Every structure is written in C-alpha cells, then in structure tokens.
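Visitor: Here is my input, please return the structure:
(chains A, B, C, D and E, ligands or ions: 7)
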Amino acid sequence: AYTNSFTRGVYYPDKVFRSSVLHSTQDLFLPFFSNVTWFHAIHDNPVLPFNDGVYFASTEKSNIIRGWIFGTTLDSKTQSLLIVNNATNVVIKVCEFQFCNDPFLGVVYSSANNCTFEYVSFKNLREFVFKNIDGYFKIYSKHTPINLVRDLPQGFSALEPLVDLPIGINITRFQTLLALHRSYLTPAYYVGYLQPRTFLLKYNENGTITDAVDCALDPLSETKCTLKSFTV
Amino acid sequence: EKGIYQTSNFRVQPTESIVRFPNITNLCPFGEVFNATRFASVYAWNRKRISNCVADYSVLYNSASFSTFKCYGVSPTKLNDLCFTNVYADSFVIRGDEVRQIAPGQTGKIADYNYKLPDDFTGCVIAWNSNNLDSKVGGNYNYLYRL
Amino acid sequence: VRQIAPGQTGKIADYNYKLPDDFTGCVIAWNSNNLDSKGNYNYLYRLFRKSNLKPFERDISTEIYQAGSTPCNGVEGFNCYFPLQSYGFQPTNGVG
Amino acid sequence: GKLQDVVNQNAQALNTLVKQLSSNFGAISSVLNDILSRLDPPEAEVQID
Amino acid sequence: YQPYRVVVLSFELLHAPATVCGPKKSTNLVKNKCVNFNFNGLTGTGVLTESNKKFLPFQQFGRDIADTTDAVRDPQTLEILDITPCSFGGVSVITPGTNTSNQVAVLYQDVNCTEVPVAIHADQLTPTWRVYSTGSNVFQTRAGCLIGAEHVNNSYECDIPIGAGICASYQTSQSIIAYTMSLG
Ligand SMILES: *[C@@H]1O[C@H](CO)[C@@H](O[C@@H]2O[C@H](CO)[C@@H](O)[C@H](O)[C@H]2NC(C)=O)[C@H](O)[C@H]1NC(C)=O
Ligand SMILES: *[C@@H]1O[C@H](CO)[C@@H](O[C@@H]2O[C@H](CO)[C@@H](O)[C@H](O)[C@H]2NC(C)=O)[C@H](O)[C@H]1NC(C)=O
Ligand SMILES: *[C@@H]1O[C@H](CO)[C@@H](O)[C@H](O)[C@H]1NC(C)=O
Ligand SMILES: *[C@@H]1O[C@H](CO)[C@@H](O)[C@H](O)[C@H]1NC(C)=O
Ligand SMILES: *[C@@H]1O[C@H](CO)[C@@H](O)[C@H](O)[C@H]1NC(C)=O
Ligand SMILES: *[C@@H]1O[C@H](CO)[C@@H](O)[C@H](O)[C@H]1NC(C)=O
Ligand SMILES: *[C@@H]1O[C@H](CO)[C@@H](O)[C@H](O)[C@H]1NC(C)=O
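Guide: Numbering: from 1, shown residues only, chains lettered A, B, ... in the order given. Ligands and ions are numbered 1, 2, ... in the order given. Below you will find the coordinate block:
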C-alpha cells in the first residue's frame, strides 16, 4: 500500500519557450522518492483530502476509472465540481449534486440544482495533476505505454497542460469514480501530495523538459542548485 | 579642447501601434432577453444570470429601437473595456408614466414598494414601448402591477 | 466633494472642474442645505464631452451631444442628447 | 586559466545586471506599463520611484 | 397609458475571475519596421520578423538566458515571430579644438549609415545640423559610420582614435581626414 516515485510528477510550470537552458523555479511539486498510497481495488473508494494539489496516476488496461468529485461538504448546499467521461465526451459540471456515500456510474447518474455552468469537450499509464490556485482550477496530464511488472517506472517525462478553468470553489476533499457492472447502491490508482519545493529543470534544444534536480533531496543536489549546473 | 566627446544618444522612433488578440467566438445570449416571446409583470420580474461569454454592448446602444437609456458609473463607450464576474439582467412590463422613478433615490407606486435601485448603481436601463404588439383589442388584463 | 482633489475621476473632475496633479492651495467645503433647497433646478452640470478637461479650464456651450453616427443638428432625437442636467435639492433627501 | 577568468567574470557581472530588471523592489510590479495601466497618476508616482 | 418594454442591467465585482466582458479588437500585423505591439497583453517595441523556432503547441512566447522576451506567437495565425530592438547608439563629436578651428565630424555608432537621416530627426533639425546627416563625406567603419571626414589612403600616427584601426586628424586647405594608423 506504499511505493515511491523515483522521478515523477514534473509538469511545465508556465507557457514560456526556452531552448538549451537550465532554469530554476519555485512552485508546488511532488518531491522525489516519496511515498504514494497505492489503492488496488481487489476484494476501495474512500474520501481523500485535497491539501494543496494532488498527483494521480492509474495503470489501467480496460477503462474503469472515469472521473472525480471535488468540493468541500458534498451536501448540495455549497458548490462542488464533477468530471465524467461518457465514452465520447468529457463533461465538466459545477453544481449542487445529489451525492451517494458510495457513488459510481454503472456499465447513468447525474444531478442539477441552482447552479452556475458547464463545460464540454498494459500500455496505459495516465498521469494527472490537479491544482487549485487563486480562483483557477488547473489540470495537467500525460499518458505513456508501459510494460513493467506492476508499478511506476523509473524514466523521466513531463506533464503538459490540459485545461484551465475559472471555477472558484473552496476545494477541500475529493474521491474517484469507477465503472462497475452491478448497480449495488448502498445507502490500481496512486495518490501523492504537492509541497512548495524548488526544482532545476533542463530544457533541451526544442523546449522539452529533459531532466530535473530536486534542490533539497540531499547535499549533492544543493550543490547543483547553487552552481546552476548538472555537473560539479 | 581637442578630442572626441560623447554628446548624445539617438533612437529610432516607433511608427505604428498594432494590437493582436484571439478570435471573438463565445457571444452572450442577448437574443433571449431582447427577442423573447412573452414577458412578466412588475412584481414578478424575471432575472437572468449572464456569465462566461463576451458581450457586445455597442449593438445594444446603437439599436434605433429604444426610448430610455441612462446609467451611472459607466458610459456607453467604456462598457467595451471593463470586466465583471457576473452580469444580471431583469425585464418586465410597465406603463407610460411609470418609468422615471427607476433610479437611485425615488418613490412611487412601485419604486419603493416593488423595485428599487439602491444607494448607488452601475448598470444601465433600456426601454421602449409595447403598444405595437403587446396590447390586444378588447382590453388587456394579462399583466398585473401592485397598488 | 471627493472629486475636488488632485488626480480624480468621475464627472465633476472629468467634465466640469479639473485640478492639476501639482496643486498648491486649500479646498473648503460646508453643508448648505438651508439656502439651496426650496427641488431647485438652477444648479447645472455637464454629462457628456468629447474628451476630458485640462486643468483650470472652462467650458460653456449647449451644443448638443452626438454619440452614434447620425450628425444631429439641433435635434434631441435618438442617440443625441443635451449636456446640462440639474440636481434636485429638498430636505426629503438624506445626507449625501 | 588566468585569461579565462577575466572573460567569465565580466560575463557574470553583465548577466546579473540584466536579471535585476525582473525585481520589483517593493512596488506592485516590475513592468512600467502595468503600473501605469492600473493606477491613477498621483500614486503611480510612488510605485515608479 | 401604453405598455413599456424595459430591460435593466447591473454588474458585480466580487473577488473572482471575471468571466464576462466586451470584445477586444485587432489590427493587422506589420513586419520589418519599428512598431509598438500588443500580443495578447505582452507589450513592447521592436522589429517583427519571421522566425525559425518551433514552439510546443501550448507555448505562447519565448525567452532567453537573461529572461527577456525575444519571440512571440501571433494569436490568429499561429506563427512564430522574432523580436529585435529598434536601433540605438551614441553620437560622438570630433573636434580639433576651438582655439584652432570650428569644423567637426560626427560618428554614429552601430548604424549601417543609410538609417542615419531617419534615426536622428534630420527633417526636424536645424539646417546647420542637417549637413551632418547626408553628404559626400560618408564613411562606414567597424566602429560605426563617420560623416564629415575624408577617407584618405595614406597612413600616419594616430591623433584622435576612432576604433578598429582608424584615426582622424586635422591637416588637409585644412580639413578633417580619416585613415588607417601606421605602426612604424
Ligand atoms: C431581435 O430580432 C430582430 C429580428 O427580428 C433583430 O433585428 C435584426 O438584427 C440583425 C442583426 O445584424 C440586423 O442585420 C437586422 O437589420 C435587424 N432587423 C431585421 C428587421 O432583421 C434584432 O437585432 C434582435 N435583437 C437582439 C438580438 O437583441
Ligand atoms: C481566426 O479567424 C480567422 C478568420 O477566419 C481565421 O483565418 C482563416 O483561417 C482559415 C483556416 O481555416 C484560412 O484558410 C484563411 O485563409 C484564414 N483567413 C481568412 C480571412 O479567412 C483564423 O484561422 C482563426 N484563428 C484561429 C482559429 O486560431
Ligand atoms: C515511506 O516508506 C518507507 C518504506 O516503505 C517507510 O520505511 C517509511 O516509514 C515511509 N514513510 C515516510 C514518512 O518516510
Ligand atoms: C528537436 O528538433 C529537431 C529539429 O526539428 C529534431 O530533428 C529532433 O528530433 C528534435 N528532438 C530531440 C533532439 O529530442
Ligand atoms: C590659443 O590660446 C592661447 C592661450 O592664451 C592664446 O593666447 C592664443 O591667442 C590662442 N590662439 C592661437 C595660438 O592661435
Ligand atoms: C548593411 O548594409 C548592407 C547593404 O546592403 C547590407 O548588405 C548589410 O546586411 C547591412 N548590415 C547590417 C544590417 O548589419
Ligand atoms: C584607395 O585605395 C583603394 C584600393 O583599391 C582604391 O579602391 C581607392 O580608390 C583609393 N582611394 C582614393 C584614391 O581616394
């Protein structure tokens, strides 16, 4: 129920092109070699906190996990967020929803009350970063084909931005959404957490982040961070 | 005395002033509130919550249609460069002489009893007349004010 | 009386009386309800102008205001207005 | 190495001088126009100073 | 005693992202000359020019080592332009001393010299300043462009240095010359 990352959860922090430049930034990142909780749904949908940003990754093969609920109180009094894939469209809805304590969508479930707006648009490791700063909800993602034994790989690849949203909810908790056959209404995914770190990224000749250095992992990496170089 | 002295600087001046911005796509639905089928009375004025679109106010100001336009805190040439999180829109049915009290600080049959603009205002009013199609023959007892 | 300071915006400081940003003097204001309420309509102020005033400059004209595209000649029709609007002062008003 | 140090020291000093234009020193921004297109002139002259 | 058709609006600015406001216009882009620009908020002044860089499709503008803007993407045709500053430099005056004469020569640093009458405001200057923008005495050097001195083919000792091997002196009636210096 625990594993580490080794180099995982690095995204492009802004929309600026840089070529063949090492650049030092200070933002919310997931630290290197850190324990992520592993949720294997063998017999698993609890309500996890959303502290200041969440990493999310799934080693799926057959389209089970579909989306996420956000919000604070989940009681259809305060506002909440919703993201669902109906196998053709990515529907994003911000309303006061009827919420089951074990909610899912079977292989069918929505709500609407007094609300604002909507937006509509195993070689499968899909990574996500959700961040909620100054009135904007940000989503970054990447997918990559893997065949290792089970867990997260050891390579390096950066997460491109997906969509920004002007929502404006106080977000405190969240939980996932799976697709299951039996509609038993009773009334393989990992989770990290982001901290205010300082990294040193390496842009190659085309603007792609090729490597990074965590400037507080060990005393060798603090030497690389003050010299502003990858070799000492 | 003899020498070479650096006296000034030069600089080529700019000639034009270009502006580049993305395409204008997601307009605001003013046709729902200016070309509606039917309206509602005074006391039960309907509200529209307009958000998340670009609004063109110059086609509302230059309409060749209305009789009333006045507002406070904004001018019709400033409205195209100032931004808000939410714009509300209300519309209802009133009579001829029942219009001048719609302003901050007035009293009347329905001003201090049904619909009051508060101590200061920002938005604007737009009105024209409805006897062209909104008054059938044989009396009209289909809209209801307050006494 | 908020807009009789240097560097202000509104309609008094933009169309009627503009103080310069470098000002040297005093501004003195007091309530005068007991001499200007009867509402009086001889206290006039502009509403529209082509641009803003320079500091310490006057403007006295009832040339009517065009705003759209019709060159209105003396006609207060659609989208063509009269500048001077008057206050209404009576003890039925609160302070402000 | 004695000639390489003179070139590296002069390029380091010119690089610090240009990177000091991205600091605001207590103002609201480090761009002149975003101080001007956001504030009125009598207290945009203390953010420029 | 006739019905009316009223519509009344009002706005709010509670602290949140502003999701509604009016349209922002545009002009058409002009290249190879010095303009003030506004690319989606980013202001500046420079010379726009077609580029060789390929951005990633979510990146809006580029930067260099000292973090200056030097490339931008146009938000209508999604192409990459370069930014290059409008040309500047110093103006230096070469005199033989006022106890001797009163004719001078002017060096304009880093110009290419066809841009000199328009980099200075030679149409707006005094007619006694307009002599030093155009003439027969125009010489282009590595140090800039020198106007008002005669490019001889001799070599003398250096008198007033200019740069990159060029000097200038007042001998020959009397005039101001410009020559490659001799070592011996
Ligand atoms: C309400 O609907 C009428 C049509 O019945 C609109 O009037 C036309 O608007 C178009 C828009 O460009 C003009 O080209 C026409 O000249 C207008 N008149 C006619 C007779 O077609 C009107 O604009 C609508 N008002 C809204 C949407 O606020
Ligand atoms: C913004 O809108 C303009 C106006 O249509 C688009 O320009 C045209 O794009 C098409 C491509 O579908 C070209 O074939 C035309 O030559 C373009 N010009 C004109 C005058 O039609 C432009 O592509 C849009 N920009 C976007 C969507 O980013
Ligand atoms: C992280 O995982 C390691 C090994 O599973 C464990 O020893 C450690 O206690 C965990 N927690 C922290 C906070 O390091
Ligand atoms: C970078 O761009 C060059 C030129 O387009 C291309 O040949 C190369 O494949 C790109 N990627 C690298 C070096 O990873
Ligand atoms: C040059 O300056 C000296 C200094 O006093 C003066 O006496 C003399 O007249 C000047 N002119 C000449 C030498 O032509
Ligand atoms: C200077 O002018 C010549 C004349 O054509 C041109 O070939 C050259 O590129 C110019 N040098 C610049 C602009 O640096
Ligand atoms: C100086 O010598 C060059 C060498 O070819 C020649 O082209 C030029 O005409 C000479 N300058 C004169 C004679 O003024």
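
Visitor: drop to CA atoms for contacts and neighbour counts, all remaining ones
Guide: Fine.

Visitor: So which bits of chain A are right by ligand 2?
Guide: With C-alpha under 6 Å from any ligand atom as the criterion, chain A does not come near ligand 2 at any residue.

Visitor: got the residue ranges for the helices in chain A?
Guide: Under the criterion DSSP state H, chain A carries helices at the ranges A:219-226.

Visitor: Might you report the residue contacts of the closest residue to residue C:38 other than its chain neighbours?
Guide: Nearest-residue entry for residue C:38: residue C:90, 6.3 Å, with adjacent residues in sequence omitted and distances by C-alpha to C-alpha, 6 or more residues apart in numbering or on different chains. When the contact criterion is C-alpha atoms under 8 Å, 6 or more residues apart in numbering or on different chains, the partners of residue C:90 are C:33, C:37, C:38, C:39, C:40.

Visitor: again with residue C:37
Guide: So residue C:37 contacts C:89, C:90, C:91 (C-alpha under 8 Å, 6+ apart).

Visitor: Please apply the same query to residue B:68.
Guide: Taking C-alpha under 8 Å, 6+ apart, we find residue B:68 in contact with B:125, B:126, B:127, B:128.

Visitor: do the same with residue E:170
Guide: Residue E:170 makes contacts with E:96, E:176, E:177, as judged by C-alpha under 8 Å, 6+ apart.

Visitor: Pretty sure the residue nearest to residue C:38 sits in a strand.
Guide: No: applying DSSP: H, G, I helix; E, B strand; the rest coil, one finds residue C:90 to be coil, outside a strand.

Visitor: show me what contacts the most centrally placed residue in chain E?
Guide: To find the centre residue of chain E, average its C-alpha atoms and take the closest one (C-alpha atoms, centre = their mean): that gives residue E:87, at 1.9 Å. By C-alpha under 8 Å, 6+ apart, the residues touching residue E:87 are B:11, B:12, E:111, E:119.

Visitor: Residue A:85 too?
Guide: Shown in contact with residue A:85 (C-alpha under 8 Å, 6+ apart): A:66, A:67, A:91.

Visitor: Look at residue A:59 and say how many residues are nearby.
Guide: Residues near residue A:59, counting by other C-alpha atoms under 10 Å in any protein chain shown, number 19.

Visitor: Return the residues of chain A in contact with chain E.
Guide: Taking C-alpha under 8 Å from any C-alpha of the partner chain, the part of chain A that reaches chain E is made up of A:15-19, A:21, A:135-136, A:161, A:166-168, A:206-207.

Visitor: Weed out the non-buried ones from these.
Guide: Neighbour counting with 16 or more other C-alpha atoms under 10 Å in any protein chain shown marks A:16, A:17, A:18, A:19, A:21, A:136, A:161, A:166, A:167, A:168, A:207 as buried within the residues of chain A next to chain E.

Visitor: pretty sure the last one is touching residue E:56, no?
Guide: Yes: judged on C-alpha atoms under 8 Å, residue A:207 makes contact with residue E:56 at a distance of 7.0 Å.

Visitor: Quickly list what's touching both of those two.
Guide: Between them, residue A:207 and residue E:56 share the contacting residues residue A:17, judged by C-alpha under 8 Å, 6+ apart.

Visitor: Can I get the contacts of residue E:87 in JSON lines including secondary structure, neighbour count and distance to chain A?
Guide: Compiled in JSON lines, those are given as follows (DSSP: H, G, I helix; E, B strand; the rest coil; neighbours: other C-alpha atoms under 10 Å in any protein chain shown; distance: C-alpha to the nearest C-alpha, whole Å):
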{"residue": "B:11", "secondary structure": "strand", "neighbour count": "14", "distance to chain A": "29"}
{"residue": "B:12", "secondary structure": "coil", "neighbour count": "18", "distance to chain A": "29"}
{"residue": "E:111", "secondary structure": "coil", "neighbour count": "19", "distance to chain A": "30"}
{"residue": "E:119", "secondary structure": "helix", "neighbour count": "20", "distance to chain A": "32"}
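
Visitor: Export the residues you listed to CSV and append columns for distance to ligand 1.
Guide: Formatted as CSV, the entries for those read as follows, by distance: C-alpha to the nearest ligand atom, whole Å:
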residue, distance to ligand 1
B:11, 47
B:12, 44
E:111, 53
E:119, 48
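
Visitor: I would like the residues contacting stretch A:144-155, please.
Guide: Residues from elsewhere that reach stretch A:144-155 (C-alpha under 8 Å, 6+ apart): A:5, A:6, A:7, A:59, A:122, A:123, A:124, A:125, A:126.

Visitor: Which member of the residues you listed is positioned nearest chain D?
Guide: Within the contacts of stretch A:144-155, distances to chain D taken as C-alpha to the nearest C-alpha reach their minimum at residue A:7, with 30.2 Å.

Visitor: Contact partners for the closest residue to chain D within chain C?
Guide: In chain C, the residue that lies nearest chain D is residue C:7 (5.9 Å; C-alpha to the nearest C-alpha). Residues near residue C:7 by C-alpha under 8 Å, 6+ apart: C:19, C:20, C:21, D:40, D:41, D:42.

Visitor: measure it to residue C:22 for me?
Guide: Taken as C-alpha to C-alpha, to the nearest Å, the spacing of residue C:7 relative to residue C:22 amounts to 9 Å.

Visitor: got it, and residue E:95?
Guide: 44 Å.

Visitor: Over to residue A:135?
Guide: Taking C-alpha to C-alpha, one finds residue A:135 at 40 Å from residue C:22.

Visitor: Nearest spatial neighbour of the residue nearest to the spatial centre of chain B, chain-adjacent residues omitted?
Guide: Compute the mean C-alpha point of chain B, and by C-alpha atoms, centre = their mean the closest residue is residue B:124, 4.5 Å away. Spatial nearest neighbour of residue B:124, excluding adjacent residues (C-alpha to C-alpha, 6+ apart): residue B:71 at 4.6 Å.

Visitor: Just give me the neighbour total for the one you found.
Guide: Other residues within reach of residue B:71 by the criterion other C-alpha under 10 Å amount to 17.

Visitor: Check residue E:22 too.
Guide: Residue neighbour count, defined by other C-alpha under 10 Å, stands at 21 for residue E:22.

Visitor: That one is in contact with residue B:78, isn't it?
Guide: No: taking C-alpha under 8 Å as the contact criterion, residue E:22 and residue B:78 are not neighbours in contact, 9.7 Å apart.

Visitor: Quick one: end-to-end length of stretch A:193-208, please.
Guide: Start to finish, the residues bounding stretch A:193-208 are 24 Å apart (C-alpha to C-alpha).

Visitor: which residues touch that stretch?
Guide: Outside stretch A:193-208, the residues touching it (C-alpha under 8 Å, 6+ apart) are A:17-31, A:51-55, A:209-216, A:225, A:228, E:54-56.

Visitor: what does stretch B:84-91 give?
Guide: So stretch B:84-91 is contacted by B:33, B:39-40, B:45-51, E:5-14, E:16-21 (C-alpha under 8 Å, 6+ apart).
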